[PDB]
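The structure appears right after this line, and notes come after that.
Numbering (the numbering used here), first residue to last: 495 to 565.
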């Protein structure tokens, strides 16, 4: 169910997420809600690379309660 996700957009800063794909999709939708250009899209990161994301401070975690309060 849950995975690390890399969320990218042309000419934009990469974002990083941990959680379910339903939650990464809600997150991407909120990121794009007012993006006229260079919209974001997510890709699921294979477990082989997961160490390079675990504990990272730029990874928004959907498994934390209230992570989506700003939505």
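Even for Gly, the Cβ is constructed at its ideal location relative to N, Cα and C.
Open item on the list: With H, G and I counted as helix, E and B as strand and the rest as coil, what does DSSP make of residue 530?
Closed with: Here residue 530 refers to the residue found at position 36 of the chain shown. It is coil, neither helix nor strand.
- [ ] Could you check if residue 517 is buried or exposed, using at least 16 other CB atoms within 10 Å of its CB as the buried criterion?
- [x] On the chain shown, residue 517 is found 23 positions in, with the first residue counted as 1. Label assigned to residue 517: buried.
- [ ] In angstroms with no decimal places, state the Cα-to-Cα distance between residue 537 and residue 497.
- [x] Taking the chain shown and counting its residues from 1, one reaches residue 537 at position 43. Taking the chain shown and counting its residues from 1, one reaches residue 497 at position 3. In a straight line, the C-alpha of residue 537 is about 10 Å away from that of residue 497.
Task: DSSP state of residue 544 mapped onto helix, strand, coil - done: To locate residue 544, count along the chain shown from 1; it is residue 50. Correct three-state label for residue 544: helix.
Open item on the list: Suppose contacts are defined by Cβ-Cβ distances below 8 Å. Is residue 621 in contact with residue 556 by that definition?
Closed with: Within the shown structure, residues of the chain are numbered from 495 to 565, placing residue 621 beyond reach of any answer.
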